[PDB]
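The file upload_16.pdb comes next; it holds PDB, C-alpha atoms (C1' of nucleotides).
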ATOM      1  CA  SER T  16     -66.553 -15.790 -29.349
ATOM      2  CA  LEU T  17     -66.515 -19.436 -30.549
ATOM      3  CA  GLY T  18     -64.106 -21.853 -28.894
ATOM      4  CA  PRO T  19     -63.229 -24.606 -31.387
ATOM      5  CA  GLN T  20     -61.788 -26.809 -28.625
ATOM      6  CA  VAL T  21     -64.172 -29.559 -27.555
ATOM      7  CA  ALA T  22     -65.488 -29.064 -24.022
ATOM      8  CA  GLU T  23     -65.610 -32.777 -23.164
ATOM      9  CA  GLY T  24     -62.100 -33.570 -24.426
ATOM     10  CA  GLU T  25     -59.816 -31.338 -22.362
ATOM     11  CA  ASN T  26     -60.079 -28.001 -20.584
ATOM     12  CA  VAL T  27     -59.572 -24.542 -22.076
ATOM     13  CA  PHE T  28     -56.987 -22.617 -20.074
ATOM     14  CA  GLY T  29     -56.686 -18.950 -19.137
ATOM     15  CA  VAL T  30     -55.361 -16.748 -16.314
ATOM     16  CA  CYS T  31     -56.616 -13.794 -14.254
ATOM     17  CA  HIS T  32     -54.138 -11.293 -12.781
ATOM     18  CA  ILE T  33     -55.295 -11.001  -9.171
ATOM     19  CA  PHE T  34     -54.012  -7.688  -7.802
ATOM     20  CA  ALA T  35     -55.532  -6.771  -4.430
ATOM     21  CA  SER T  36     -54.228  -3.725  -2.558
ATOM     22  CA  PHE T  37     -55.530  -2.434   0.786
ATOM     23  CA  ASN T  38     -57.842   0.073  -0.932
ATOM     24  CA  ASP T  39     -58.866  -1.716  -4.158
ATOM     25  CA  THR T  40     -59.055  -5.164  -5.754
ATOM     26  CA  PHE T  41     -58.373  -5.964  -9.418
ATOM     27  CA  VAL T  42     -59.359  -9.099 -11.349
ATOM     28  CA  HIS T  43     -57.856  -9.194 -14.846
ATOM     29  CA  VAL T  44     -58.455 -12.208 -17.104
ATOM     30  CA  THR T  45     -55.844 -12.411 -19.872
ATOM     31  CA  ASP T  46     -54.655 -15.159 -22.207
ATOM     32  CA  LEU T  47     -51.700 -17.451 -21.486
ATOM     33  CA  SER T  48     -49.392 -14.787 -22.959
ATOM     34  CA  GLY T  49     -50.866 -11.913 -20.934
ATOM     35  CA  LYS T  50     -50.623  -9.501 -23.876
ATOM     36  CA  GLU T  51     -54.287 -10.087 -24.768
ATOM     37  CA  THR T  52     -56.999  -9.625 -22.140
ATOM     38  CA  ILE T  53     -60.569 -10.957 -22.100
ATOM     39  CA  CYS T  54     -62.250  -9.497 -19.010
ATOM     40  CA  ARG T  55     -61.179  -7.067 -16.295
ATOM     41  CA  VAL T  56     -63.661  -6.000 -13.616
ATOM     42  CA  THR T  57     -62.637  -4.274 -10.402
ATOM     43  CA  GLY T  58     -63.985  -4.230  -6.874
ATOM     44  CA  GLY T  59     -64.641  -0.500  -7.017
ATOM     45  CA  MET T  60     -67.116  -0.528  -9.907
ATOM     46  CA  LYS T  61     -69.888  -2.518  -8.166
ATOM     47  CA  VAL T  62     -69.777  -0.608  -4.874
ATOM     48  CA  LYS T  63     -70.240   3.161  -5.014
ATOM     49  CA  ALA T  64     -68.064   4.023  -2.029
ATOM     50  CA  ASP T  65     -64.313   4.543  -1.886
ATOM     51  CA  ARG T  66     -63.790   2.969   1.548
ATOM     52  CA  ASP T  67     -64.963  -0.567   0.698
ATOM     53  CA  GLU T  68     -63.490  -1.183  -2.753
ATOM     54  CA  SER T  69     -60.980  -3.568  -1.143
ATOM     55  CA  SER T  70     -63.603  -5.013   1.214
ATOM     56  CA  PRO T  71     -64.005  -8.819   0.949
ATOM     57  CA  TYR T  72     -67.657  -8.369  -0.061
ATOM     58  CA  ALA T  73     -66.844  -6.046  -2.966
ATOM     59  CA  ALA T  74     -64.260  -8.587  -4.123
ATOM     60  CA  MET T  75     -66.559 -11.621  -4.134
ATOM     61  CA  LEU T  76     -69.360 -10.473  -6.450
ATOM     62  CA  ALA T  77     -66.664  -9.330  -8.844
ATOM     63  CA  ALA T  78     -65.523 -12.963  -8.939
ATOM     64  CA  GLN T  79     -68.560 -14.585 -10.573
ATOM     65  CA  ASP T  80     -69.152 -11.604 -12.863
ATOM     66  CA  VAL T  81     -65.759 -12.028 -14.526
ATOM     67  CA  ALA T  82     -66.377 -15.797 -14.450
ATOM     68  CA  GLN T  83     -69.842 -15.316 -15.956
ATOM     69  CA  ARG T  84     -68.176 -13.185 -18.636
ATOM     70  CA  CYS T  85     -65.476 -15.852 -19.069
ATOM     71  CA  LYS T  86     -68.041 -18.665 -19.409
ATOM     72  CA  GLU T  87     -69.818 -17.961 -22.714
ATOM     73  CA  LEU T  88     -66.528 -17.399 -24.557
ATOM     74  CA  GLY T  89     -65.370 -20.851 -23.506
ATOM     75  CA  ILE T  90     -62.931 -20.880 -20.589
ATOM     76  CA  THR T  91     -63.496 -23.259 -17.648
ATOM     77  CA  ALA T  92     -60.039 -23.227 -16.014
ATOM     78  CA  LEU T  93     -58.042 -20.201 -14.910
ATOM     79  CA  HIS T  94     -54.514 -19.930 -13.621
ATOM     80  CA  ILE T  95     -54.127 -17.658 -10.598
ATOM     81  CA  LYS T  96     -51.369 -15.127  -9.900
ATOM     82  CA  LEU T  97     -51.608 -13.216  -6.614
ATOM     83  CA  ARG T  98     -50.284  -9.661  -6.596
ATOM     84  CA  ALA T  99     -49.908  -7.265  -3.682
ATOM     85  CA  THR T 100     -48.765  -3.639  -3.947
ATOM     86  CA  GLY T 101     -45.102  -4.636  -4.106
ATOM     87  CA  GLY T 102     -42.139  -2.367  -4.662
ATOM     88  CA  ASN T 103     -40.985  -0.518  -1.573
ATOM     89  CA  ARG T 104     -44.551  -0.631  -0.200
ATOM     90  CA  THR T 105     -46.411  -3.435   1.582
ATOM     91  CA  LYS T 106     -46.095  -7.041   0.427
ATOM     92  CA  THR T 107     -49.182  -8.565   2.047
ATOM     93  CA  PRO T 108     -52.127  -9.195  -0.301
ATOM     94  CA  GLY T 109     -55.200  -7.253   0.710
ATOM     95  CA  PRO T 110     -58.406  -8.665   2.195
ATOM     96  CA  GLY T 111     -59.924  -8.946  -1.294
ATOM     97  CA  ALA T 112     -57.282 -11.421  -2.487
ATOM     98  CA  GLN T 113     -58.575 -14.606  -0.832
ATOM     99  CA  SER T 114     -62.260 -13.851  -1.508
ATOM    100  CA  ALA T 115     -61.483 -13.397  -5.211
ATOM    101  CA  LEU T 116     -60.258 -16.879  -6.154
ATOM    102  CA  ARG T 117     -62.577 -18.573  -3.641
ATOM    103  CA  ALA T 118     -65.866 -17.290  -5.070
ATOM    104  CA  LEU T 119     -64.901 -17.992  -8.682
ATOM    105  CA  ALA T 120     -63.997 -21.552  -7.665
ATOM    106  CA  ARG T 121     -67.455 -21.795  -6.083
ATOM    107  CA  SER T 122     -68.973 -20.353  -9.283
ATOM    108  CA  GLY T 123     -67.909 -23.371 -11.358
ATOM    109  CA  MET T 124     -64.554 -22.126 -12.642
ATOM    110  CA  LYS T 125     -61.676 -24.597 -12.521
ATOM    111  CA  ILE T 126     -58.285 -23.817 -10.966
ATOM    112  CA  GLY T 127     -54.935 -24.115 -12.725
ATOM    113  CA  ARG T 128     -51.603 -23.355 -11.046
ATOM    114  CA  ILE T 129     -51.113 -21.053  -8.058
ATOM    115  CA  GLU T 130     -48.159 -18.678  -7.708
ATOM    116  CA  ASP T 131     -47.486 -15.186  -6.353
ATOM    117  CA  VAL T 132     -46.120 -12.430  -8.600
ATOM    118  CA  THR T 133     -45.723  -9.616  -6.089
ATOM    119  CA  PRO T 134     -43.129  -7.261  -7.633
ATOM    120  CA  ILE T 135     -40.630  -8.056  -4.883
ATOM    121  CA  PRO T 136     -37.636  -5.705  -4.969
ATOM    122  CA  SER T 137     -34.266  -7.282  -4.458
ATOM    123  CA  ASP T 138     -33.033  -3.994  -2.991
ATOM    124  CA  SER T 139     -35.460  -1.100  -3.269
ATOM    125  CA  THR T 140     -35.269   2.684  -3.098
ATOM    126  CA  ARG T 141     -36.257   4.849  -0.126
ATOM    127  CA  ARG T 142     -39.595   3.919   1.431
ATOM    128  CA  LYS T 143     -42.237   6.641   1.237
ATOM    129  CA  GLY T 144     -42.631   8.474   4.529
ATOM    130  CA  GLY T 145     -40.380  10.132   7.052
ATOM    131  CA  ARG T 146     -37.706   8.648   9.272
ATOM    132  CA  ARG T 147     -40.271   8.377  12.088
ATOM    133  CA  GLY T 148     -42.790   6.764   9.732
ATOM    134  CA  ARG T 149     -46.534   7.357   9.571
ATOM    135  CA  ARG T 150     -46.897   8.970  12.987
TER     136      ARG T 150
ATOM    137  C1'   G J   1      64.917   3.254  22.647
ATOM    138  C1'   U J   2      63.735   9.195  22.298
ATOM    139  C1'   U J   3      63.320  14.285  24.496
ATOM    140  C1'   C J   4      63.961  17.748  28.443
ATOM    141  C1'   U J   5      64.893  17.931  33.505
ATOM    142  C1'   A J   6      65.632  17.794  40.377
ATOM    143  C1'   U J   7      71.132  16.300  40.414
ATOM    144  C1'   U J   8      73.499  13.540  45.206
ATOM    145  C1'   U J   9      78.693  13.377  42.356
ATOM    146  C1'   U J  10      83.461  15.160  39.124
ATOM    147  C1'   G J  11      88.441  18.153  46.194
ATOM    148  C1'   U J  12      87.552  23.767  44.820
ATOM    149  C1'   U J  13      87.621  26.568  40.449
ATOM    150  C1'   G J  14      85.080  25.626  34.218
ATOM    151  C1'   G J  15      82.680  22.973  29.283
ATOM    152  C1'   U J  16      80.675  17.935  28.373
ATOM    153  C1'   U J  17      78.094  12.704  29.152
ATOM    154  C1'   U J  18      75.584   9.731  32.047
ATOM    155  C1'   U J  19      74.797   6.379  36.546
ATOM    156  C1'   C J  20      70.777   9.287  38.904
ATOM    157  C1'   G J  21      65.142  11.429  41.085
ATOM    158  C1'   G J  22      60.849  13.586  37.846
ATOM    159  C1'   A J  23      57.632  14.404  33.255
ATOM    160  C1'   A J  24      56.241  12.923  28.371
ATOM    161  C1'   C J  25      56.617   9.937  23.718
ATOM    162  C1'   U J  26      57.519   5.581  20.756
ATOM    163  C1'   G J  27      58.156  -0.419  19.808
ATOM    164  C1'   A J  28      58.682  -5.607  21.216
ATOM    165  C1'   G J  29      56.798  -8.366  24.957
ATOM    166  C1'   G J  30      54.758 -11.792  29.310
ATOM    167  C1'   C J  31      49.997 -12.369  32.009
ATOM    168  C1'   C J  32      44.447 -12.189  32.731
ATOM    169  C1'   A J  33      39.842 -18.130  33.731
ATOM    170  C1'   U J  34      42.181 -12.232  28.469
ATOM    171  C1'   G J  35      36.481  -8.356  28.942
ATOM    172  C1'   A J  36      29.754 -10.235  26.334
ATOM    173  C1'   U J  37      24.044 -12.252  32.948
ATOM    174  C1'   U J  38      19.122 -13.130  31.237
ATOM    175  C1'   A J  39      16.153 -13.646  26.952
ATOM    176  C1'   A J  40      10.453 -11.016  30.893
ATOM    177  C1'   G J  41       3.160 -15.270  30.285
ATOM    178  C1'   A J  42       7.631  -6.853  28.470
ATOM    179  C1'   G J  43       8.245  -4.782  23.780
ATOM    180  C1'   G J  44      10.062  -4.293  18.441
ATOM    181  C1'   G J  45      11.149  -7.062  14.002
ATOM    182  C1'   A J  46      11.626 -11.488  10.575
ATOM    183  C1'   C J  47       9.124 -16.026   8.907
ATOM    184  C1'   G J  48       4.814 -20.011   7.919
ATOM    185  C1'   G J  49      -0.314 -21.163   6.922
ATOM    186  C1'   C J  50      -4.525 -18.751   7.355
ATOM    187  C1'   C J  51      -8.354 -15.276   8.647
ATOM    188  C1'   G J  52     -11.664 -11.134   8.205
ATOM    189  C1'   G J  53     -19.203  -6.491   5.220
ATOM    190  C1'   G J  54     -11.040  -3.738   7.249
ATOM    191  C1'   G J  55      -9.249   0.453   3.305
ATOM    192  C1'   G J  56      -8.542   2.335  -1.878
ATOM    193  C1'   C J  57      -8.999   1.570  -7.371
ATOM    194  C1'   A J  58     -11.371  -0.837 -11.456
ATOM    195  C1'   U J  59     -15.072  -4.397 -13.184
ATOM    196  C1'   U J  60     -19.699  -7.134 -12.966
ATOM    197  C1'   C J  61     -24.773  -8.648 -11.449
ATOM    198  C1'   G J  62     -29.756  -8.315  -9.396
ATOM    199  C1'   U J  63     -34.737  -7.077  -8.897
ATOM    200  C1'   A J  64     -37.600  -3.017  -7.759
ATOM    201  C1'   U J  65     -38.881   2.560  -8.804
ATOM    202  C1'   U J  66     -39.578   6.372 -12.394
ATOM    203  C1'   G J  67     -40.304   7.849 -17.463
ATOM    204  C1'   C J  68     -41.003   6.514 -22.637
ATOM    205  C1'   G J  69     -42.447   3.428 -27.232
ATOM    206  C1'   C J  70     -46.033  -0.419 -29.061
ATOM    207  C1'   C J  71     -50.223  -3.774 -28.436
ATOM    208  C1'   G J  72     -55.010  -5.434 -25.780
ATOM    209  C1'   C J  73     -59.434  -4.245 -23.076
ATOM    210  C1'   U J  74     -61.711  -0.799 -20.381
ATOM    211  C1'   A J  75     -65.162   2.992 -16.930
ATOM    212  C1'   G J  76     -63.299   4.371 -13.324
ATOM    213  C1'   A J  77     -58.130   4.855 -11.112
ATOM    214  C1'   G J  78     -55.067   6.965  -6.560
ATOM    215  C1'   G J  79     -55.439   7.815  -1.374
ATOM    216  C1'   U J  80     -57.826   7.755   3.644
ATOM    217  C1'   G J  81     -60.620   6.644   9.873
TER     218        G J  81
END
Take the structure I supplied and represent it as structure tokens, if you would.
Amino acid sequence: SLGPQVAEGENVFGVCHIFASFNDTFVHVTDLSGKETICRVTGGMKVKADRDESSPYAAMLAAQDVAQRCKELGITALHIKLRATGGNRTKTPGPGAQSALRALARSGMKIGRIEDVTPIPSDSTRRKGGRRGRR
RNA sequence: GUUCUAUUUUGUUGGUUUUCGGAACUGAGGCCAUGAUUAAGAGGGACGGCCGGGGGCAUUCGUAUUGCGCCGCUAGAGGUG
């Protein structure tokens, strides 16, 4: 865990894969390739209740903890990719999405580029549920 | 022109042919003001340039979903009021 890049010259870059459903929130720091990961802490592992894993509070303290983990090993800037559930299911990012990148930016972690990588189907299969929906 | 035929007539007695009245057939005529309403804000059809998620056959693309292979890191992951 020794970054040979000089801190004062230019900024070491990384990315976290922000996936935030309506029942859980995932923060997943990987490298610029994405094959190799550095840190991955979830919203559900700091709160011991199933109903508030996606809550905006359970998201926020996960944000500095990954950032604290990403600080000694030498990364100051992260790229951000938002991810919702995608597929045939809902496309809106959960309530833990916005609190994730906000608190890490407040923690002293720089921001790279912003884009959304929701797995948007061109033309999907049958949506789960009946013809009348979730009655 | 052809065929048969009512016949009036051959003075009467007898055959015949026709003028003659009828019926039918065949060829050359003359004449018609020589014979054709319209093209329906009806229809049918032809033609010209289009037009269209119309139909059938073949071909091609796009994520996403599922499953699998490999790599990385992990204690939770799904789901719900």
Closest contacts (chain J/chain T, max 8 Å, all atoms listed in the file) as JSON lines:
{"residue": "J:62", "atom": "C1'", "partner": "T:137", "partner_atom": "CA", "distance": 6.8}
{"residue": "J:63", "atom": "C1'", "partner": "T:137", "partner_atom": "CA", "distance": 4.5}
{"residue": "J:64", "atom": "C1'", "partner": "T:136", "partner_atom": "CA", "distance": 3.9}
{"residue": "J:65", "atom": "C1'", "partner": "T:140", "partner_atom": "CA", "distance": 6.8}
{"residue": "J:71", "atom": "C1'", "partner": "T:50", "partner_atom": "CA", "distance": 7.3}
{"residue": "J:72", "atom": "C1'", "partner": "T:51", "partner_atom": "CA", "distance": 4.8}
{"residue": "J:73", "atom": "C1'", "partner": "T:52", "partner_atom": "CA", "distance": 6.0}
{"residue": "J:74", "atom": "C1'", "partner": "T:55", "partner_atom": "CA", "distance": 7.5}
{"residue": "J:76", "atom": "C1'", "partner": "T:60", "partner_atom": "CA", "distance": 7.1}
{"residue": "J:80", "atom": "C1'", "partner": "T:66", "partner_atom": "CA", "distance": 7.9}
* Mind telling me what the PyMOL selection byres ((chain J and resi 17-29) around 10) catches here, as a list in words? ->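 After applying the PyMOL selection byres ((chain J and resi 17-29) around 10), what remains is residues 1, 2, 3, 4, 5, 6, 7, 8, 9, 16 and 30 of chain J.
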* To do: Using all atoms listed in the file, determine which residues lie at most 6 Å from stretch 75-77 of chain T, disregarding the query and same-chain residues fewer than 2 positions distant; provide the list as a PyMOL selection string.
  => chain T and resi 72-73+79-80+114-115+118
* Quick one: distance from atom CA of residue T:44 to atom CA of residue T:93 in Å, one decimal? ->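 We find that atom CA of residue T:44 and atom CA of residue T:93 lie 8.3 Å from each other.
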* **Contacts of residue T:117 within 12 Å, all atoms listed in the file, excl. fewer than 2 positions in-chain, as a PyMOL selection string** => chain T and resi 33+71-72+74-79+82+95+111-115+119-126
* To do: Just give me the gap between atom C1' of residue J:81 and atom CA of residue T:149 in Å, one decimal is fine.
  => 14.1 Å
* **Between atom CA of residue T:42 and atom CA of residue T:30, distance in Å (one decimal)** =>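 Computing the Euclidean distance for atom CA of residue T:42 and atom CA of residue T:30 yields 10.0 Å.
Every residue that the PyMOL selection byres ((chain T and resi 35) around 8) selects in this file is listed here: residues 33, 34, 36, 37, 39, 40, 41, 69, 97, 98, 99, 100, 108, 109, 110, 111 and 112 of chain T.
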Can you take the partial stretch 20-36 of chain T, add N, CA, C and O atoms, and return it as a compact mmCIF listing (two decimals), keeping the file's coordinate frame?
# COMPACT_ATOMS: atom_id res chain seq x y z
N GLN T 20 -62.16 -25.68 -29.46
CA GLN T 20 -61.79 -26.81 -28.62
C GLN T 20 -63.04 -27.49 -28.08
O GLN T 20 -64.00 -26.83 -27.67
N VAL T 21 -63.02 -28.82 -28.07
CA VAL T 21 -64.17 -29.56 -27.56
C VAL T 21 -64.18 -29.46 -26.03
O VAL T 21 -63.13 -29.53 -25.38
N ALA T 22 -65.36 -29.23 -25.47
CA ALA T 22 -65.49 -29.06 -24.02
C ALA T 22 -65.26 -30.37 -23.27
O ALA T 22 -64.69 -30.36 -22.18
N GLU T 23 -65.71 -31.49 -23.84
CA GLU T 23 -65.61 -32.78 -23.16
C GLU T 23 -64.24 -33.42 -23.30
O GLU T 23 -63.93 -34.34 -22.53
N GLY T 24 -63.41 -32.98 -24.24
CA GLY T 24 -62.10 -33.57 -24.43
C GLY T 24 -61.09 -33.15 -23.37
O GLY T 24 -60.66 -33.98 -22.56
N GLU T 25 -60.72 -31.88 -23.37
CA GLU T 25 -59.82 -31.34 -22.36
C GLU T 25 -60.24 -29.89 -22.10
O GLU T 25 -61.16 -29.38 -22.74
N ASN T 26 -59.57 -29.24 -21.15
CA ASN T 26 -60.08 -28.00 -20.58
C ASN T 26 -59.35 -26.78 -21.15
O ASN T 26 -58.12 -26.75 -21.20
N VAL T 27 -60.13 -25.78 -21.54
CA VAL T 27 -59.57 -24.54 -22.08
C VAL T 27 -58.97 -23.73 -20.94
O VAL T 27 -59.60 -23.54 -19.89
N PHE T 28 -57.75 -23.24 -21.14
CA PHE T 28 -56.99 -22.62 -20.07
C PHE T 28 -56.88 -21.11 -20.29
O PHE T 28 -56.85 -20.63 -21.43
N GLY T 29 -56.84 -20.39 -19.17
CA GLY T 29 -56.69 -18.95 -19.14
C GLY T 29 -56.07 -18.54 -17.82
O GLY T 29 -55.72 -19.41 -17.01
N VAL T 30 -55.92 -17.24 -17.57
CA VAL T 30 -55.36 -16.75 -16.31
C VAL T 30 -55.96 -15.38 -16.01
O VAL T 30 -56.22 -14.59 -16.92
N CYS T 31 -56.22 -15.12 -14.73
CA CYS T 31 -56.62 -13.79 -14.25
C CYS T 31 -55.52 -13.23 -13.36
O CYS T 31 -54.96 -13.95 -12.53
N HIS T 32 -55.20 -11.95 -13.55
CA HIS T 32 -54.14 -11.29 -12.78
C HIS T 32 -54.75 -10.69 -11.52
O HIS T 32 -55.25 -9.57 -11.53
N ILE T 33 -54.71 -11.45 -10.43
CA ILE T 33 -55.30 -11.00 -9.17
C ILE T 33 -54.34 -10.02 -8.50
O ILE T 33 -53.31 -10.41 -7.96
N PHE T 34 -54.70 -8.74 -8.54
CA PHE T 34 -54.01 -7.69 -7.80
C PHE T 34 -54.98 -7.09 -6.80
O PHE T 34 -56.02 -6.54 -7.19
N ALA T 35 -54.65 -7.19 -5.52
CA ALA T 35 -55.53 -6.77 -4.43
C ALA T 35 -54.74 -5.95 -3.42
O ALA T 35 -54.02 -6.50 -2.58
N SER T 36 -54.87 -4.62 -3.51
CA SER T 36 -54.23 -3.72 -2.56
C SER T 36 -55.11 -3.60 -1.31
O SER T 36 -56.09 -4.33 -1.14
